[PDB]
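Novice: Please find one structure pasted underneath; my questions will follow.
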Amino acid sequence: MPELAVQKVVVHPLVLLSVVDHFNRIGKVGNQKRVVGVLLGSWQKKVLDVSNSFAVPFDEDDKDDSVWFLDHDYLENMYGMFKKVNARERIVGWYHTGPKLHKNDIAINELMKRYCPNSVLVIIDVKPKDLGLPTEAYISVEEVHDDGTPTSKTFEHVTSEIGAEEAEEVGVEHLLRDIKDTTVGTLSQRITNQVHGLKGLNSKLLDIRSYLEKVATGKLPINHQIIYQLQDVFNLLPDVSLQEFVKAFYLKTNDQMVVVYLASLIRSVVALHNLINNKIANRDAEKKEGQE
Amino acid sequence: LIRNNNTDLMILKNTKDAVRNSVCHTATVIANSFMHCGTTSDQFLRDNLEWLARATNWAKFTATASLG
Amino acid sequence: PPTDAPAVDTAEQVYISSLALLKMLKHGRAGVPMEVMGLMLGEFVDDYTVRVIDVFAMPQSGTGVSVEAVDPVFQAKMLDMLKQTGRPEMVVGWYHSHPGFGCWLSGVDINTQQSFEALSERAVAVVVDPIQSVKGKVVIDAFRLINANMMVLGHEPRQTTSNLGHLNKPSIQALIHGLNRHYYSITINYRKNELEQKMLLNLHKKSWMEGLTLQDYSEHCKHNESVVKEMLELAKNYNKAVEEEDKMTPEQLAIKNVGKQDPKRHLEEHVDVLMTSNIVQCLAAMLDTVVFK
């Protein structure tokens, strides 16, 4: 929002498991379907800490977009059922099992808003495939446009991630002793971050390339806004200050080595002293290996 | 096997006496299932019918199978 | 007998699905002082395996484990509300926390489960310790009361159902007449789905993290400055330690635990942070030079 009352939406693992369990509750022949629940959580700043969620009977036509049903009475019963068990559990939004956005969503956003303003969507996936997080958070804002078109309820993206508690931490810990990820030490861990990062940039850019190629040919009406922003992108690329930048970057590297040199050197001396310690312990073990 | 049973039946009376508590009852009534294999000897059962009564549900399944 | 006699033998196990466990831990740690409790919903296969698929808390009073806020109307209302979701589940057992100490059943605990034994015959009482469970195995057992009367009457060596085993001790307090008079130990398992595993496995969205960034190059020289000066301070003491160790026997260098600032331990502690940093500090700059060329 323009309001600094929303920004970091942080979903705890048991929610993720909860929507992925809900997606198989319905999952009979009603699968292949958007399923919706309400997000319970707490928050007090630029966060929306999500903690609990429970499916709400939900149906939706598979060719229409004004034929959606959501048992809000069920909500006004359960919401109290869970309040009676934990205070401090308002309704901070509602989740929608992807795979991506539907025109219908905004409609839902106003039958959930009759409880809590600021409600957010949290698109969670039922299929691991993305390499970034399977948790995108949107808000229902509205704006005015330079083209002069009537105000709209759009959806605006806010950064997202998942966090944890000690409880959560420990349960997850326990569940990933099969797929060990701790054998990997620091240095390599961060090299992984820097290759896996390119694995992101690559596919994001790829998606923009498919879009531009989509309007140029195989027509799809142009939306001037996208192309606008897409110009700022190519002005921001680091280029025009080429020579000077070169002469500086080289220098800062030079420093970087100076300190690496020192590091590796001390490391060597210390390890070698370790070796002297082994040799002397071996001589004095050889005086014992004799004797009687 | 019948004409030359060379084994002492006084060793298995000490193991039958010592431990006839819980699962051990099964264990002993399989020791015979190997100590008298083929020699065709059911004198552990003819003369000591108290453990077949003491036999649990499945100790009755391993007491009728110790004769096969 | 002209017909089979009553039977019980069973290696009773509980599967707790990766979903449930996280809820039991979390909700249970909510009430460190006054332990919570909750119902367990799921199915019951054959007769060797309880399958707890999901749980949900119950409310309470404000002193402890009351059963005057364990209303029959609460669990009734909820059971109907979860039928209308798509969960044809039934109650299989009841779990609570005994935080901070051992996973055992108390007198009231025992007695309580007795009620889930009249109402239903298949009940496991599962126990979670959100305090001790921290990091590692997750202390969580399961218990089922045993007919103490029949034990007195000669079936005392006849409460042995065929479970496997692995031995406990600190709860021998009430487990010496627990395991061997009032209840026993069920064994716990898990079911690690591959979809849940590929879900939790997620903890970083990096398409804006490292490798598309790098710390500030004036924040990064102020870091090197500090460390590589601490190197000097430690160095000196290092020479003074290499003269000592030479003229002493390993018993006196063994008990040397006054001022750990002197030895190798801190030159290693440093170099691996320093280096790390910097190397990669290193590659990040280079990589971006080609990537956003």
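In the structure tokens, chains take the letters A, B, ... in the order shown, each chain's residues start at 1, and ligands count up from 1 in the order shown.
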Dump as a VMD selection string the residues of chain C that approach chain A to within 6 Å, counting only C-alpha atoms.

Specialist: chain C and resid 19 22 25 to 26 59 85 to 86 134 to 135 205 to 207 210 to 211 271 276

Novice: Taking the DSSP assignment computed from this structure's backbone, write out as a PyMOL selection string all residues of range 1-228 of chain C that belong to alpha helix (DSSP H).

Specialist: chain C and resi 18-29+72-83+107-119+148-150+172-175+194-200+221-228

Novice: Could you list, as a PyMOL selection string, every residue of chain B that has an atom within 12 Å of an atom of chain C, counting only C-alpha atoms?

Specialist: chain B and resi 20-26+53-60

Novice: Please, what distance in Å, to one decimal, runs between CA of residue 36 in chain A and CA of residue 89 in chain A?

Specialist: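 Between CA of residue 36 in chain A and CA of residue 89 in chain A the gap works out to 18.4 Å.
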
Novice: So that I can see what lies close to residue 92 in chain A, please list as a list in words the residues with an atom at most 10 Å from it, counting only C-alpha atoms and leaving out residues fewer than 4 positions away in the same chain.

Specialist: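 Selected residues are residues 38, 39, 40, 41, 42, 43, 48, 49, 50, 51, 112, 113, 115, 116, 117, 118, 119, 120 and 121 of chain A.
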
Novice: Output C-alpha atoms for every residue in the selection just made, as an mmCIF file, in the first residue's frame.

Specialist:
```
data_model
loop_
_atom_site.group_PDB
_atom_site.id
_atom_site.type_symbol
_atom_site.label_atom_id
_atom_site.label_comp_id
_atom_site.auth_asym_id
_atom_site.auth_seq_id
_atom_site.Cartn_x
_atom_site.Cartn_y
_atom_site.Cartn_z
ATOM 1 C CA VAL A 38 -9.134 -17.627 5.277
ATOM 2 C CA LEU A 39 -5.796 -16.572 6.805
ATOM 3 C CA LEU A 40 -5.630 -16.021 10.571
ATOM 4 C CA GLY A 41 -2.692 -14.106 11.933
ATOM 5 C CA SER A 42 -1.357 -11.173 13.881
ATOM 6 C CA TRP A 43 0.539 -8.042 12.945
ATOM 7 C CA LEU A 48 1.194 -9.523 8.218
ATOM 8 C CA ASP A 49 2.296 -12.576 10.169
ATOM 9 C CA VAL A 50 0.124 -15.449 8.960
ATOM 10 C CA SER A 51 -0.226 -18.395 11.336
ATOM 11 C CA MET A 112 -13.610 -11.283 2.763
ATOM 12 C CA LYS A 113 -13.128 -7.542 3.307
ATOM 13 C CA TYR A 115 -14.403 -8.487 8.104
ATOM 14 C CA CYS A 116 -10.973 -6.881 8.044
ATOM 15 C CA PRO A 117 -9.754 -3.977 5.907
ATOM 16 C CA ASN A 118 -6.256 -4.522 4.482
ATOM 17 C CA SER A 119 -7.030 -8.185 3.681
ATOM 18 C CA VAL A 120 -4.414 -9.720 1.404
ATOM 19 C CA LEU A 121 -4.236 -12.618 -0.972
#
```

Novice: Could you check how far CA of residue 119 in chain C sits from CA of residue 142 in chain C, in Å to one decimal?

Specialist: 19.1 Å

Novice: Env of residue 141 in chain C: 10 Å cut, atoms = only C-alpha atoms, seq-sep filter 3 positions within chain, self excluded. Answer as a PyMOL selection string.

Specialist: chain C and resi 14+103-104+125-129+138+185-188

Novice: Residues as selected, N, CA and C atoms, written as a PDB file, in the first residue's frame, can you do that?

Specialist:
```pdb
ATOM      1  N   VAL C  14       1.643 -45.328  15.794  1.00  0.00           N
ATOM      2  CA  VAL C  14       0.921 -44.133  15.402  1.00  0.00           C
ATOM      3  C   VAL C  14       1.687 -43.500  14.255  1.00  0.00           C
ATOM      4  N   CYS C 103       7.685 -37.145  29.605  1.00  0.00           N
ATOM      5  CA  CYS C 103       6.454 -37.537  28.926  1.00  0.00           C
ATOM      6  C   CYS C 103       5.820 -38.705  29.672  1.00  0.00           C
ATOM      7  N   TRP C 104       5.061 -38.381  30.711  1.00  0.00           N
ATOM      8  CA  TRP C 104       4.360 -39.399  31.473  1.00  0.00           C
ATOM      9  C   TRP C 104       2.915 -38.979  31.692  1.00  0.00           C
ATOM     10  N   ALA C 125      -3.274 -41.745  23.804  1.00  0.00           N
ATOM     11  CA  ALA C 125      -2.992 -40.458  24.424  1.00  0.00           C
ATOM     12  C   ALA C 125      -1.562 -40.074  24.057  1.00  0.00           C
ATOM     13  N   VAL C 126      -1.411 -39.037  23.240  1.00  0.00           N
ATOM     14  CA  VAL C 126      -0.117 -38.669  22.689  1.00  0.00           C
ATOM     15  C   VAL C 126       0.404 -37.456  23.439  1.00  0.00           C
ATOM     16  N   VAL C 127       1.720 -37.415  23.611  1.00  0.00           N
ATOM     17  CA  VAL C 127       2.365 -36.483  24.524  1.00  0.00           C
ATOM     18  C   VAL C 127       3.523 -35.800  23.814  1.00  0.00           C
ATOM     19  N   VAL C 128       3.525 -34.468  23.882  1.00  0.00           N
ATOM     20  CA  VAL C 128       4.483 -33.588  23.235  1.00  0.00           C
ATOM     21  C   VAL C 128       5.083 -32.683  24.291  1.00  0.00           C
ATOM     22  N   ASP C 129       6.401 -32.486  24.237  1.00  0.00           N
ATOM     23  CA  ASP C 129       7.094 -31.601  25.173  1.00  0.00           C
ATOM     24  C   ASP C 129       7.706 -30.438  24.402  1.00  0.00           C
ATOM     25  N   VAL C 138      12.517 -34.274  18.737  1.00  0.00           N
ATOM     26  CA  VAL C 138      11.153 -33.898  19.094  1.00  0.00           C
ATOM     27  C   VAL C 138      10.606 -34.956  20.025  1.00  0.00           C
ATOM     28  N   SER C 185       3.894 -48.124  26.380  1.00  0.00           N
ATOM     29  CA  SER C 185       4.507 -47.288  25.355  1.00  0.00           C
ATOM     30  C   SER C 185       4.100 -47.787  23.973  1.00  0.00           C
ATOM     31  N   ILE C 186       3.419 -46.933  23.237  1.00  0.00           N
ATOM     32  CA  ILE C 186       3.259 -47.090  21.807  1.00  0.00           C
ATOM     33  C   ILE C 186       4.478 -46.457  21.155  1.00  0.00           C
ATOM     34  N   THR C 187       4.750 -46.827  19.915  1.00  0.00           N
ATOM     35  CA  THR C 187       5.882 -46.271  19.192  1.00  0.00           C
ATOM     36  C   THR C 187       5.400 -45.334  18.093  1.00  0.00           C
ATOM     37  N   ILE C 188       6.200 -44.303  17.820  1.00  0.00           N
ATOM     38  CA  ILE C 188       5.816 -43.221  16.918  1.00  0.00           C
ATOM     39  C   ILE C 188       6.547 -43.375  15.590  1.00  0.00           C
TER      40      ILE C 188
END
```

Novice: With a distance cut-off of 12 Å and only C-alpha atoms, select the neighbouring residues of residue 58 in chain C, excluding the residue or stretch itself and same-chain residues fewer than 4 positions from it, and output the selection as a PyMOL selection string.

Specialist: (chain A and resi 81-86) or (chain C and resi 24+27-28+35-40+65-78+94-96)

Novice: From range 4-163 of chain A, collect each residue whose DSSP state is strand (DSSP E or B) and return the set as a PyMOL selection string.

Specialist: chain A and resi 8-11+36-42+47-55+58-60+68-70+90-96+120-124+135-139+142-143+152-153+156-158+160-162

Novice: Report the distance between CA of residue 190 in chain C and CA of residue 16 in chain C in Å, rounded to one decimal place.

Specialist: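 Here the two named atoms are 5.4 Å from each other.
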
Novice: Hey, which of A:6, A:123, A:75, A:137 ends up closest to residue 111 in chain A? Count only C-alpha atoms.

Specialist: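 Under the stated criterion, the closest residue is A:75.
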
Novice: If we count only C-alpha atoms and set the cut-off at 10 Å, which residues sit around residue 44 in chain B, ignoring sequence neighbours fewer than 2 positions away in its own chain? Please answer as a VMD selection string.

Specialist: chain B and resid 9 12 to 13 16 29 32 36 41 to 42 46 to 49 51

Novice: Between A:104, A:154, A:32, A:7, which has the minimum distance to residue 64 in chain A (counting only C-alpha atoms)?

Specialist: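 Looking only at the distances to residue 64 in chain A, the closest residue turns out to be A:104.
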